[PDB]
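> One structure, as structure tokens, below. Some questions next.
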Amino acid sequence: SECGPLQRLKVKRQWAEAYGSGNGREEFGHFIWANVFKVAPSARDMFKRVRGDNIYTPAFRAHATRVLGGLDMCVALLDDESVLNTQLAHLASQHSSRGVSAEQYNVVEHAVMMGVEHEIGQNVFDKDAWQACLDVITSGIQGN
Amino acid sequence: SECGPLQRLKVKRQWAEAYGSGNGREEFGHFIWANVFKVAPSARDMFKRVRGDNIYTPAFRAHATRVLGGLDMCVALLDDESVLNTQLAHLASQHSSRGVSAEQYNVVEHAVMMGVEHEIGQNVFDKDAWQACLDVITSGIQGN
Amino acid sequence: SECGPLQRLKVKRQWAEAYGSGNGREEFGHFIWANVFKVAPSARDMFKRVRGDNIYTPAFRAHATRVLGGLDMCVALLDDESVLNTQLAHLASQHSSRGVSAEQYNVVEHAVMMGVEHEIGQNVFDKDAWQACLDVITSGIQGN
Amino acid sequence: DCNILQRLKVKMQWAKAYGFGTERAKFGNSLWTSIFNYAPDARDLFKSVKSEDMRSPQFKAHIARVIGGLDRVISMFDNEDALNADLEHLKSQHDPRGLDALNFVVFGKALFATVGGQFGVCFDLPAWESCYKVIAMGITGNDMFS
Amino acid sequence: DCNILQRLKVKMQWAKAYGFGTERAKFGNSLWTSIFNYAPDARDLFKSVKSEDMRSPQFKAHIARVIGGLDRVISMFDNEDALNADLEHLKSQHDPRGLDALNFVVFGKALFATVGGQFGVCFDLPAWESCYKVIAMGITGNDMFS
Amino acid sequence: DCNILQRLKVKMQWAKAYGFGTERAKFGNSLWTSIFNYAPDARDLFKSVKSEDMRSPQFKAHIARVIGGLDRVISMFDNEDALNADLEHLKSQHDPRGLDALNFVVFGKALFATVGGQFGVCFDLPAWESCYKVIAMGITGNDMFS
Amino acid sequence: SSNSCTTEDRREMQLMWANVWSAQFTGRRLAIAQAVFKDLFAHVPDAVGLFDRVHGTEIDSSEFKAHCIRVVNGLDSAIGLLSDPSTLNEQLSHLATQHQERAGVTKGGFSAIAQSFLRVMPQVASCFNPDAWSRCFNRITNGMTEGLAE
Amino acid sequence: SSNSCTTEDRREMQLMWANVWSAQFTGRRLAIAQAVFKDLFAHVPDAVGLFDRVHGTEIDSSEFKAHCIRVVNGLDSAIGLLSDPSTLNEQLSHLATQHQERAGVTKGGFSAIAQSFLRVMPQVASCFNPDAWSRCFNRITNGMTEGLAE
Amino acid sequence: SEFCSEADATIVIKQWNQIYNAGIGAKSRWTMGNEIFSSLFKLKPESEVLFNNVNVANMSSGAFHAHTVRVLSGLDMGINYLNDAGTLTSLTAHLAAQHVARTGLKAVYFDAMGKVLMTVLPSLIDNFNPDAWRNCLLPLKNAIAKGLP
Amino acid sequence: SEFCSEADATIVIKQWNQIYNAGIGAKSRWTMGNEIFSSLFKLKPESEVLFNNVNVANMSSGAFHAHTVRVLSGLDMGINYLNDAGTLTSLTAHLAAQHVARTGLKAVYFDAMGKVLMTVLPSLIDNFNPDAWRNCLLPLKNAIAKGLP
Ligand SMILES: *[C@@H]1O[C@H](CO[C@@H]2O[C@@H](C)[C@@H](O)[C@@H](O)[C@@H]2O)[C@@H](O[C@@H]2O[C@H](CO)[C@@H](O[C@H]3O[C@H](CO[C@H]4O[C@H](CO)[C@@H](O)[C@H](O)[C@@H]4O)[C@@H](O)[C@H](O[C@H]4O[C@H](CO)[C@@H](O)[C@H](O)[C@@H]4O)[C@@H]3O)[C@H](O)[C@H]2NC(C)=O)[C@H](O)[C@H]1NC(C)=O
Ligand SMILES: *[C@@H]1O[C@H](CO[C@@H]2O[C@@H](C)[C@@H](O)[C@@H](O)[C@@H]2O)[C@@H](O[C@@H]2O[C@H](CO)[C@@H](O[C@H]3O[C@H](CO[C@H]4O[C@H](CO)[C@@H](O)[C@H](O)[C@@H]4O)[C@@H](O)[C@H](O[C@H]4O[C@H](CO)[C@@H](O)[C@H](O)[C@@H]4O)[C@@H]3O)[C@H](O)[C@H]2NC(C)=O)[C@H](O)[C@H]1NC(C)=O
Ligand code: HEM
Ligand code: HEM
Ligand code: HEM
Ligand code: HEM
Ligand code: HEM
Ligand code: HEM
Ligand code: HEM
Ligand code: HEM
Ligand code: HEM
Ligand code: HEM
Ligand SMILES: [Ca+2]
Ligand SMILES: [Ca+2]
Ligand SMILES: [Ca+2]
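Quick look at the structure:
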């Protein structure tokens, strides 16, 4: 439903836990994008400069590292609207010229969720909270 | 092929084994429905009263518990046509007003099979037996 | 990109490793075909004589054993164009009367890759090398 | 007594205590070592199957045959018809042996002590005593197991 | 060569590698599996002792007899008299078999590979090669082991 | 002899026994301790590489160089051309050292004893003896390894 | 004894085989494949003709090679199937009918290529067990020669 | 010594870092981020100007904060990539070109923010290893300052 | 004398225990008895007449059920004693003395029973192993039916 | 003196053993020799002339193959002795005395060989680790090519 205060705390953690700290990260990433490009192989035409054809190459993993690295920045701020918006914003001016359809900001949302559930287990995963707050982060990159 | 006598025994067991006894059940369920709604997200519009939007919530898990709990009742009777029909029947009068397409009684059949195989391993899973007998249980809820 | 000399060595190994030696083979196979027929259930109409309806039966596993057994023969020769072609050829005259669409020689290619990655892990899997050399083996069965 | 509830129970406790494979041979050797210690004399009744030595394949095979039977009998506790058909079939095989029904009482205690000592404290002694009286009456016929 | 120093040595390495009890049967089965793989043909020379199957008690007994002999022979390496008396006694038992001395060469390599692979890196290949030529010459007589 | 079948074999047994990393240094130290015990004298032929002490990095490096070579040579057993090209290249490096070919025989026994004692009972002594005669003939040239 | 290919025989053959035969070593295969046929022919001369469509006379012909590897790779598939007998049967009979549509192929043909293996394996594979191997090589051919003349 | 960032140095830095820097603790990050820049500036005055588009003068400006966190979160991504060097290189050069299109950014700029970290870490992270940390902080910046003026 | 290797008897005894033990509801036993004989008969109906005493007239009679159970119970004792050649040899000799001292029993009948089991069981057992069973089951058949014309 | 940390040498020695050992078919060795030199040359063709004796004229000659093998064999001994600075230091000094007492060998050539390996190997090794190798391989290069103008 709504990305309230409580939901932002439970998300900060669940993410931090699943985003690991530098071991199962290369796997986290690979798991999300190998879901994005399966539900939307069309999308890979946007990551032409970062080898979207083969998500196994360094060049691309470096990309996904850059993406998920950003998703962090944001989640890390779901509990600070001020400095949060100031980033979601600094991110909006970066995905405008890339012509990204809001429909795509929703296929990645799901992939991320399929991966975080994958990492931390469905038994505990909280969707209404992950679906809620993730939206907030995308409806900020889309400039709102 | 046909849900003979032998096939009903091997199914009773394989199910009982995969349906567990109360531990990996919440996972059994979650695994089946997270397959149903992936091959037919359309279907979730029928489980509106049991939160079909988020298969992670209690309300819904309670639902799936109710469903798979019924599937058991039936499998538990594949070796007793009398008391079996009397249940498949008592179930038919319950899914009529719900307007369920026989096509759907076949997407759930597969999901169940994808989960039982998942639990007990493909190396032993017996499809012709699971496809056969499962049909019999659905062609009874459909009133035949 | 191109199936060079280096790429053929790294593929010979990665395959041999994932093709196992006779233990996780029945699983290797089952994993590939249970991907082929999910992305192209249409295809199962060609394996009518080897029970393509239920990839769990012996008759069919024996088939997949025959197929993957051949894929080996070939990979085993990516480092010997002479005796290699002489096999890819001996294979072309065998899949002509079977009317196989080159589109299908590409759905199996991917399935094989989804399985080899599955066996040996994405962290090491080399796509550009697997996509490259696999093509070479199919563009030989297709008679070129 | 020995209602179906206890029959389904004695079946589980048994199946458990009896085990499979080597377990069976071992369980039987303990049961018979119990019988011949409860009633030394009972032993001479089996000279034909080399009861001179309990380890001889002749006698191990006998043990295999009997408690092997006990297994099948108990396995039918939930089917009066079959159970009685086969419980009868045994009476005819045992009648001519002219066996004092008192040993069947020992086989009862031997059996109990072995299943109970193998199954652990939750052994249902009553259920077992009752449902075994059914097997004895069916085999011996003596109104001692009524 | 094969001076006493190496004789006392080959005795220790052997006694060690050969072991006792089950060890012996096992060591012998490896030595003969080595012989029949070094020279497949050599096998048909033993049809009389059921060499059709190496696990048959007929052949296991043969292995027991031969390397059992090898053991005694080597055990006398330090007594020329006895060693020669018995090394002769064998020549007469083997002469009539009309055996190509070439197999005795295989028995040499088989033996070496087994003692060496059982005793570890410190296997004295030279000492062993020499002192075995003594046993072969004593049995076969062929000037191939000179 | 030393047909390709045995060449592919000696390669596997070797690669296995030789190991990698520390294994190599260790295997070599055992092989050379075998050589200097098989032929004490052979040692003085290596004064230039500090053979006064086998643990000195000077000599450990020599061991690394030689059996390091043995490794490469054996690694080419399946390519007559290369094998011979490099087997020749060694002859020229060793010719001027004016080395008695008899030591190459010891290096043979040392090698065998170490691979066999490291690889276990299934060591193919014959295959190894044959295919090593190829390396010796290629290096020494002496018709002793024919 | 029984002569049956026991589960132990299976694990052993499977292991010894696995090391010597794998896509890892191209060349390890060729060497073995040729060796076997080359051993058959010199023991069963009028057998080269059975393999004419594959240059049985030219052991090095890029055609016979691709052949040799196919036959042995056939055995491989089988050996690996000793782990799943239900499947191995379906696979050994499909190979049976498939070997009947060929001519002069006899139960005695196999018995030869069988000695062929028993003399070849021990040269490349270390720790070979003729007895165990044989009990399972036979287990496989008895399913191939199902419908065949002596 | 060699000064190379060894696998051990990597496991250690990764660990010490992991505890102090994670999405779990919003506020743990800010505190460190600011601390670093606040240490740079007071050591390299004419450096505030390089960060004008992000209010380098207003350490608390909601803009510079979002900045500070971005830079350090950049280091995070890298440190976590010490586990997969092939990728870390592609990622450290993309960061190299990206730091060249900025002005007054020098190899000497980093060397400062490097002392910045060496004096800041030991205050928040327990069990800090200046030597190991340094060998790997440098390993990362040498891939960033690839194309840059002293 | 010698039946099957140990690891074999093992695979067989495990799978067998999966579908046959005293903990199984009389409802399944029955289904197996019938299945096994309704398959034996369709293969050798000439043998159906041998089961008069056991009321073969009706395969659904408490009389006939007991018979299939004591047949399967005897095949229960053999499989579970596979690891003890000693006793198993005697147990199978004893079973031959009976099936022989009985008239009209042809060895080919047992062969029929063999094929029946080989075909029937895999429908009940997970990943049934045809080979392990063949190596263990054949010796049993021939040992039991040793003397049957 | 000091080459690379232990855990490093470890990662390197493992990956190296994966693609280089006496169990590998002469067919791959060749492919590596060529690959490595056909890449060295395209980087420094001026160096191709140094390999006359080894018949560089033809890179497909049993003569030249042996040379790439003994080069790679020497690089085999270094990687496998990374955990023993003592001996490794001597082994690399010995290799310098030779590459130097040889004319026309420029240090920049080795640097070329370094980049070649760094680029070539990752095509053969799974999850090749550029860093571990750099920390271990660089010391080797400089140690071997210590004296080359
Ligand atoms: C094969 O042989 C069997 C022989 O039956 C078996 O062996 C015998 C020696 C007995 O020991 C049996 O226990 C054993 O099954 C033939 O089938 C049996 O035949 C009997 C008939 O005597 C079946 O019994 C049915 O009828 C009983 C009693 O019915 C009477 O009493 C009830 C009151 O309890 C009245 O309501 C009835 O009007 C009648 O007067 C009864 O308990 C059952 O019927 C009830 O339950 C059914 C539910 O299953 C309902 O559908 C009925 O409406 C009713 O309420 C019995 O059906 C006995 O069941 C069978 N056994 C089997 C396996 O079914 C069999 O015919 C022969 N094969 C052939 C055709 O050749
Ligand atoms: C680079 O140098 C090599 C030098 O070759 C290498 O070094 C030499 C010193 C030798 O030690 C060689 O073993 C080694 O490869 C040049 O290439 C080699 O050149 C030879 C020619 O002498 C190639 O050999 C081919 O020919 C032989 C013999 O052919 C004659 O005899 C056969 C009967 O066996 C007759 O059928 C022929 O008519 C002829 O009279 C033969 O064994 C091969 O040909 C057969 O096999 C082929 C299958 O691969 C078939 O396609 C043929 O139809 C025929 O049946 C050889 O092809 C030798 O192979 C090459 N080596 C290589 C790597 O191929 C090379 O030319 C030079 N580079 C250049 C061009 O500058
Ligand atoms: C979850 C929200 C997202 C975040 C936080 C995010 C973040 C980022 C970042 C930090 C960069 C690169 C910055 C740089 O180094 O220059 C980037 C690049 C990019 N993003 Fe996103 N992104 C998000 C969603 C998406 C979506 C949904 C798409 C569309 C399919 C997308 C497409 C791209 C493309 C095409 C690039 C350029 C890559 C390149 O430089 O070659 N992003 N994103
Ligand atoms: C495998 C066969 C099936 C069984 C045994 C089964 C059983 C049940 C049971 C026991 C209930 C709830 C009873 C109650 O507590 O009031 C139920 C409810 C329901 N079932 Fe099924 N069902 C089956 C298949 C299906 C299928 C294929 C659909 C369609 C997509 C479906 C849709 C529903 C719906 C919409 C409800 C009502 C849930 C609610 O009360 O909110 N069922 N089913
Ligand atoms: C990766 C490349 C492929 C290889 C190496 C391969 C190999 C083989 C082999 C060895 C056989 C059976 C030979 C025999 O025993 O008679 C076979 C049969 C067959 N293959 Fe393929 N195949 C490949 C791809 C495909 C594809 C893409 C299709 C199409 C969907 C296909 C369809 C078939 C069919 C329908 C049969 C006949 C099965 C039967 O006999 O009942 N194959 N293949
Ligand atoms: C309920 C428990 C018992 C069962 C299930 C049982 C079962 C059997 C069976 C199946 C046989 C042999 C059938 C054949 O030859 O094929 C047998 C034989 C025999 N039983 Fe029992 N029995 C039981 C109790 C007893 C008792 C208490 C005695 C008395 C001491 C006894 C004495 C014998 C004797 C003397 C034989 C003949 C052995 C021979 O010479 O072959 N049994 N029993
Ligand atoms: C030095 C090594 C050998 C020793 C100590 C040895 C010892 C013996 C002994 C003690 C016997 C049987 C004596 C008896 O019957 O009581 C024997 C029998 C025999 N040996 Fe050897 N033997 C050796 C090598 C060989 C070799 C190399 C061959 C040749 C292939 C060979 C072939 C035979 C044969 C054919 C028999 C007769 C077996 C029979 O039918 O009973 N032996 N040997
Ligand atoms: C086939 C086995 C052998 C191989 C592969 C081999 C290999 C080598 C190699 C590669 C070198 C040094 C090359 C260099 O300086 O760069 C060498 C040196 C030498 N080898 Fe061998 N060698 C073998 C057997 C022997 C034997 C049996 C002897 C005799 C006792 C021997 C005596 C020497 C000596 C004296 C040196 C010179 C050491 C020095 O002062 O640097 N080698 N050998
Ligand atoms: C048990 C071991 C054997 C195995 C595994 C085996 C396997 C095979 C295979 C896989 C093929 C080719 C199938 C295809 O083309 O798709 C084949 C072909 C053939 N096999 Fe065998 N085989 C065996 C023994 C034999 C024996 C003993 C003979 C008898 C002389 C024989 C004669 C042939 C012939 C004549 C062909 C046809 C070759 C051609 O296409 O020109 N095989 N075998
Ligand atoms: C090695 C540690 C460093 C890391 C990880 C790092 C990381 C980053 C990142 C991630 C960005 C923003 C990228 C984006 O907007 O998508 C950035 C921007 C920037 N960095 Fe760094 N940086 C480091 C050191 C430095 C140093 C030493 C200077 C020099 C004074 C510097 C100056 C800048 C500037 C001027 C910007 C642009 C800020 C803006 O957008 O207004 N960085 N850095
Ligand atoms: C290997 C499988 C078989 C086993 C384990 C087996 C076991 C037994 C046993 C335990 C008995 C009971 C003896 C008694 O009354 O004490 C029996 C009886 C009998 N068996 Fe079998 N049997 C087998 C196969 C067969 C076959 C294939 C036939 C023939 C078609 C057959 C025909 C009979 C007959 C006619 C009786 C006597 C029934 C009566 O008393 O009325 N059995 N069998
Ligand atoms: C680190 C990598 C390198 C290693 C491990 C290495 C190793 C070796 C070895 C072991 C030899 C053989 C010495 C002998 O004959 O005993 C050798 C020879 C030689 N190396 Fe290198 N080398 C390397 C790099 C280079 C480079 C980069 C060049 C120059 C372009 C080079 C040029 C030569 C030459 C010209 C010879 C002599 C060839 C002959 O005898 O005809 N090496 N090297
Ligand atoms: Ca959304
Ligand atoms: Ca259906
Ligand atoms: Ca393709």
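Residue numbers (UniProt numbering), protein chains in the order written: chain A, 17 to 160; chain B, 17 to 160; chain C, 17 to 160; chain D, 20 to 165; chain E, 20 to 165; chain F, 20 to 165; chain G, 17 to 166; chain H, 17 to 166; chain I, 20 to 168; chain J, 20 to 168.
Ideal Cβ placement from N, Cα and C applies to all residues, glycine included.
Sorry if obvious, but does the Cβ on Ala63 of chain G come closer than 7 Å to a heavy atom of ligand 9?
Within the seventh sequence, the letter at position 47 stands for residue 63 of chain G. At least one heavy atom of ligand 9 is nearer than 7 Å to the Cβ of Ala63 of chain G, so yes.
> Mind listing, in chain order, the residues whose beta carbon lies closer than 5 Å to a non-hydrogen atom of ligand 13?
A:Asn122 and A:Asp151
> Specify which residues have a beta carbon nearer than 5 Å to any heavy atom of ligand 4, listing them in chain order.
Counting only beta-carbon distances shorter than 5 Å to the non-hydrogen atoms of ligand 4, the qualifying residues in chain order are B:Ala59, B:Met62, B:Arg65, B:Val66, B:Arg82, B:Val83, B:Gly86, B:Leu87, B:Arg114, B:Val116, B:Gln120, B:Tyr121 and B:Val124.
> To the nearest angstrom, how far is it from the Cα of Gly88 of chain D to the Cα of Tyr121 of chain B?
To locate residue 88 of chain D, count along the fourth sequence from 1; it is residue 69. To locate residue 121 of chain B, count along the second sequence from 1; it is residue 105. So the two alpha carbons sit approximately 47 Å from each other.
> Tell me whether the segment 61-74 of chain J and the segment 118-130 of chain J touch, counting them as touching only if at least three CB pairs, one residue from each stretch, are closer than 8 Å.
For the pair of segments examined, the segment 61-74 of chain J was found to touch the segment 118-130 of chain J: the number of CB pairs separated by less than 8 Å reaches three.
> Is it the case that the CB of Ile48 of chain C approaches a heavy atom of ligand 5 more closely than 7 Å?
Taking the first residue of the third sequence as position 1, residue 48 of chain C is located at position 32. No, ligand 5 has no heavy atom inside 7 Å of this Cβ.
> Quick check on the burial criterion: 16 or more other C-beta atoms within 10 angstroms. Buried or exposed for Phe67 of chain H?
One-based indexing of the eighth sequence puts residue 67 of chain H at position 51. Classification for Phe67 of chain H: buried.
> Could I get the ranges of all uninterrupted alpha helix (DSSP H) runs contained in the segment 121-159 of chain F, with 4 residues as the minimum, in chain order?
Listed in chain order, the alpha helix (DSSP H) elements of length 4 or more contained wholly in the segment 121-159 of chain F are 144-158.
> Answer yes or no: do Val64 of chain H and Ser132 of chain H have a C-beta to C-beta separation smaller than 8 Å?
Here residue 64 of chain H refers to the residue found at position 48 of the eighth sequence. Here residue 132 of chain H refers to the residue found at position 116 of the eighth sequence. Taking 8 Å as the Cβ cut-off, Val64 of chain H and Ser132 of chain H do not qualify as a contacting pair.
> Taking the alpha carbon of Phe41 of chain G as the point to measure from, which residue in F:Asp97, F:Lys152, F:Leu64 and F:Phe123 has its own alpha carbon closest?
Walking along the seventh sequence from the start, residue 41 of chain G turns up at place 25. Measuring from the Cα of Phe41 of chain G, the nearest candidate turns out to be F:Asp97.
> Rounded C-beta distance between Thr81 of chain A and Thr73 of chain H? I'm assuming under 8 Å.
Translated into the one-based positions of the first sequence, residue 81 of chain A becomes position 65. Translated into the one-based positions of the eighth sequence, residue 73 of chain H becomes position 57. No, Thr81 of chain A and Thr73 of chain H are not in contact; Cβ-Cβ is about 32 Å, not under 8 Å.
> List in chain order: all unbroken alpha helix (DSSP H) runs of 4+ residues lying wholly within the segment 58-124 of chain E.
76-94 and 99-113
> Against chain C, does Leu143 of chain J count as a neighbour if the rule is that its beta carbon must be under 8 Å from one of theirs?
The sequence position of residue 143 of chain J within the tenth sequence is 124, counting from 1. By this cut-off, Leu143 of chain J is an interface position.
> Taking the beta carbon of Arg155 of chain G as the centre, do at least 16 other beta carbons fall within 10 Å, making it buried, or is it exposed?
On the seventh sequence, position 139 is the one that residue 155 of chain G refers to. Classification for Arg155 of chain G: buried.
> Using a Cβ distance threshold of 8 Å, determine whether the segment 25-34 of chain D contacts the segment 146-164 of chain D, with at least three qualifying pairs required.
yes
> Closest to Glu135 of chain C by CA distance: which of C:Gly36, C:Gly156, C:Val124 and C:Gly20 is it?
Locating residue 135 of chain C in the third sequence gives position 119, where the first residue counts as 1. Among C:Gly36, C:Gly156, C:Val124 and C:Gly20, the Cα nearest to that of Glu135 of chain C is on C:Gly36.
> Could you round the C-beta distance between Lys30 of chain F and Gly42 of chain J to whole angstroms and report it? I think they count as a contact, below 8 Å.
Counting from one through the sixth sequence, the residue named residue 30 of chain F turns up at place 11. Counting from one through the tenth sequence, the residue named residue 42 of chain J turns up at place 23. Confirmed, Cβ separation roughly 6 Å.
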